[PDB]
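**Student:**
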Amino acid sequence: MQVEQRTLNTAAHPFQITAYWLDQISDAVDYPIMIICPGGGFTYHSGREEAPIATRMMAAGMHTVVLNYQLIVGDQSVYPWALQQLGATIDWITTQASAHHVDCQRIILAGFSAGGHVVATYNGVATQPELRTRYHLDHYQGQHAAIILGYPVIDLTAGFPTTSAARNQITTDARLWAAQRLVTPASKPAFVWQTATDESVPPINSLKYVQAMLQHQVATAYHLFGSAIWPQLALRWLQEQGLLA
Amino acid sequence: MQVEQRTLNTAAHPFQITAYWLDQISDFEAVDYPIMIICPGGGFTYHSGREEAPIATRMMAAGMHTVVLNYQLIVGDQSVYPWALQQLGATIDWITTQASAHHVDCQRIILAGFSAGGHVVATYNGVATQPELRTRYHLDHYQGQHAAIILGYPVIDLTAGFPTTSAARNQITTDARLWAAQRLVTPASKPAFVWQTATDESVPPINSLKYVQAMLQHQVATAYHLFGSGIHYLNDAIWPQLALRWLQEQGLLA
Ligand SMILES: [Ca+2]
């Protein structure tokens, strides 16, 4: 693989992304790509779990890109900047698509914890014209085919953060507080998983989202483990969705 | 293994069961193995066996006895409850009287319910674990207790999906107190492993979620696996594997 470091800029909010470009086996066919939005309660970007995951997925045959979305650091708000940064990243991939043999019909978004909120919201926002124009995403090219959420934060009042003050710090746009309440038949398929022993992020968050998803008849998969397992289920699910090639 | 057919009676509502007694390894070398009472699906009009049979064989391979309980149906213009619960408690009671002859670990009795059977098991998990309720449905006289329950695409709320009409509901039971098992869940409920496919239309997936949400609410050990495909280190069935692991961690698969 080839590692590419970049600093992109959109809506005057520069962000960092690391692109892990898969290398051809013969050294030609196109491979899927996964964008990873890390956890970190919007105070930092997590990497302890993200590193092993990015590797696992790639081994299955796909490119990966870690998207260090907007944080609250420096007295800032996460939204709507984070969505714009995501759409721009999907865009940055289409331009790199040919040079690195990237299948643009199989772009997958993956979010964890605080990162899961960004990915879950984008799944509701980037899927509706009204929303794409409202949050300025009409000029970005490309679209995702699905998402993977691990112990994701869905509702900004269902546990995390603990104070309304930290909530509004994330964003004062209540319309973006609850990702589940953005799910429409247009949302892309999603694979959700989490442990029932997680104290950092309330399991109800997952349930809330999975329900909405099920209500609007959108392909889904929920795995709430009781206590290497989920990666296998996720990969098998991606095959089912025909997103693995 | 050894198979045993029996027709038990309780509350004046006869019912039938089948027991598959696991055999010991070496006759020269004994130990008590867990037992799984399986309540079949069938929408309360019949007793399913297509999925149940294979499931029993797979779970037994892990080293556990299995009993199949053909609970009260609506046939002959009858109501499922409260008889169903009484029949389940009796079965557990009957097992406790056989545990010494068939090497049964009564500290490891698992209740697995599927489809309509899941309603029985989900309800029992709430009713048998509550004093007031245990007496309201005449269970104070039954011996033994389950340690956990498994649920496969079970019915949880009788007003959200299955059945379709309101008549079929009152038929199953005119006791609204037994319509939504998720409302009978309390910190006393036993750990439950739940699974189901999302594409399943026969019985709305929302049911699972409702019961799981209740379990989480009262901080009761619970796992949930809603597979996207309806076909359903780790072998490539799959849910049986997960469930087994779960029982292992739960220290119930000893
Ligand atoms: Ca014994």
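Read top to bottom, the protein sequences are chains A and B. Read left to right, the first sequence gives residues 1 to 27, 31 to 230, 256 to 273 (the entry's author numbering). Read left to right, the second sequence gives residues 1 to 29, 31 to 233, 250 to 253, 256 to 273 (the entry's author numbering). Cβ coordinates follow ideal geometry from the N, Cα and C atoms, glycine included.
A62/A bridges to which residues according to DSSP?
**Tutor:** DSSP, once it has assigned bridges, lists no residue as partnering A62/A.
**Student:** Measuring CA to CA, which of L272/B, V69/B, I93/B is closest to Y125/B?
**Tutor:** The shortest Cα separation from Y125/B among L272/B, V69/B, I93/B belongs to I93/B.
**Student:** Starting from the beta carbon of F15/A, find every residue of chain B whose beta carbon is closer than 8 Å, and list them in chain order.
**Tutor:** Those do not exist, as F15/A stays about 32 Å from chain B at its closest Cβ, beyond 8 Å.
**Student:** Does the separation of the CB atoms of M61/A and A113/A fall below 8 Å?
**Tutor:** Not a contact, by the Cβ cut-off of 8 Å.
**Student:** Note down, one range per segment and in chain order, each beta strand (DSSP E) of at least 3 residues found wholly within the region 191 to 229 of chain B.
**Tutor:** You should have 193 to 198, 223 to 228.
**Student:** Which residues in chain A sit within 7 Å of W265/B, going by Cβ to Cβ distance?
**Tutor:** Result: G229.
**Student:** How about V68/B and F45/B: are their beta carbons less than 8 Å apart?
**Tutor:** Contact: no.
**Student:** Does the distance from the CB of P192/B to the CB of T223/B come in under 8 Å?
**Tutor:** Yes, the Cβ-Cβ distance between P192/B and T223/B is below 8 Å.
**Student:** Which parts of the region 99 to 167 of chain B are runs of the beta strand (DSSP E), unbroken and 3 residues or longer, counting only runs that do not cross its ends?
**Tutor:** Counting whole runs of 3 or more residues, the region 99 to 167 of chain B contains the beta strand (DSSP E) stretches 105 to 115, 149 to 153.
**Student:** Along the chain, where does the alpha helix (DSSP H) containing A85/B start, and where does it finish?
**Tutor:** Where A85/B is concerned, the enclosing alpha helix (DSSP H) stretches over 84 to 97.
**Student:** Would you mind reading off the limits of the alpha helix (DSSP H) that contains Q260/A?
**Tutor:** It spans 257 to 268 - the alpha helix (DSSP H) in which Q260/A sits, taken as one unbroken run.
**Student:** If you measure from the beta carbon of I36/A to each beta carbon in chain B, is any gap under 8 Å?
**Tutor:** Judged by the 8 Å Cβ criterion, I36/A is not in contact with chain B.
**Student:** So which of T97/B, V156/B, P132/B has the shortest CA-CA distance to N208/B?
**Tutor:** Of the listed residues, the one whose Cα sits closest to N208/B is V156/B.
**Student:** Report the neighbours of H226/B on chain A: residues whose CB is nearer than 7 Å to its CB, in chain order.
**Tutor:** Those within 7 Å of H226/B in chain A are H226.
**Student:** Just to confirm the assignment, what range does the beta strand (DSSP E) spanning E4/B have?
**Tutor:** Its beta strand (DSSP E) spans residues 2 to 8.
**Student:** Do you know offhand how far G42/B's Cα is from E52/B's?
**Tutor:** Approximately 9 Å between the Cα atoms of the pair.
**Student:** Looking at C-alpha atoms only, which residue of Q131/B, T160/B, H142/B, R137/B is the closest neighbour of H120/B?
**Tutor:** When each option's Cα is compared against that of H120/B, the closest is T160/B.
**Student:** Which residues in chain B sit within 8 Å of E133/A, going by Cβ to Cβ distance?
**Tutor:** Near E133/A there are no residues of chain B at all, since even the closest Cβ is about 28 Å away, more than 8 Å.
**Student:** Which of helix, strand or coil does DSSP assign to residue 234/B?
**Tutor:** Within chain B, residue numbering steps from 233 directly to 250, and residue 234/B belongs to the interval with no atoms modelled.
**Student:** Near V128/B, what residues of its chain come up, given a Cβ to Cβ distance below 7 Å and the 5 sequence neighbours on each side ignored?
**Tutor:** Contacts found: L86, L134, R135, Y138, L185.
**Student:** Would the C-beta of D33/B count as close to ligand 1, meaning under 7 Å from any of its heavy atoms?
**Tutor:** Because some heavy atom of ligand 1 lies under 7 Å away, the Cβ of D33/B counts as near it: yes.
**Student:** Just to make sure I have the definition right: I need the residues of chain B whose C-beta is within less than 8 Å of the C-beta of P206/A. Which are they?
**Tutor:** In chain order: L217.
**Student:** Give me whichever residues DSSP pairs with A181/B in a beta bridge.
**Tutor:** According to DSSP, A181/B bridges with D158/B.
**Student:** Hey, quick one: how far does the beta strand (DSSP E) through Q16/B stretch, first residue to last?
**Tutor:** From DSSP, the beta strand (DSSP E) with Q16/B extends over 15 to 21.
**Student:** Give me the Cα-Cα distance between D106/B and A100/B, rounded to the nearest whole angstrom.
**Tutor:** For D106/B and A100/B, the distance between alpha carbons rounds to 7 Å.
**Student:** Does any C-beta atom of chain A lie closer than 8 Å to the C-beta of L210/B?
**Tutor:** Yes, its Cβ sits closer than 8 Å to a Cβ of chain A.
**Student:** Does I111/A come within less than 8 Å of chain B when only Cβ atoms are used?
**Tutor:** So, not an interface residue.
**Student:** So for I173/A, helix, strand or coil by DSSP?
**Tutor:** Of the three classes helix, strand and coil, the one that applies to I173/A here is helix, per DSSP.
**Student:** Closer than 7 Å by C-beta to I75/B: which residues in its own chain qualify, once you throw out the five before and the five after it? Chain order, please.
**Tutor:** For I75/B, where only same-chain residues beyond five positions count, the Cβ hits under 7 Å are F45, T46, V81, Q172, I173.
**Student:** Is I111/A closer than 8 Å to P164/A when the C-beta atoms are compared?
**Tutor:** No, Cβ-Cβ distance for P164/A and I111/A is not below 8 Å.
**Student:** Need the endpoints of the beta strand (DSSP E) that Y47/A sits in, please.
**Tutor:** Neither: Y47/A is in no beta strand (DSSP E) and is coded neither H nor E.
**Student:** Does the beta carbon of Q214/A sit closer than 8 Å to a beta carbon anywhere in chain B?
**Tutor:** At least one chain B Cβ lies under 8 Å of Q214/A.
**Student:** Give the DSSP-derived three-state secondary structure of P35/A in the structure shown.
**Tutor:** In the structure shown, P35/A sits in a strand (DSSP, three-state: E or B).
**Student:** Within a Cβ cutoff of 8 Å, which residues of the same chain sit near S230/B, ignoring the five residues on either side of it in sequence?
**Tutor:** If we look at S230/B and ignore the five residues flanking it on each side, its Cβ neighbours are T198, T200.
**Student:** When burial is assigned at 16 or more other CB atoms within 10 Å of the CB, is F28/B buried or exposed?
**Tutor:** Its Cβ having fewer than 16 others within 10 Å, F28/B is exposed.
**Student:** Would the beta-carbon of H104/B be found less than 7 Å away from any heavy atom of ligand 1?
**Tutor:** True, at least one ligand heavy atom lies under 7 Å from that Cβ.
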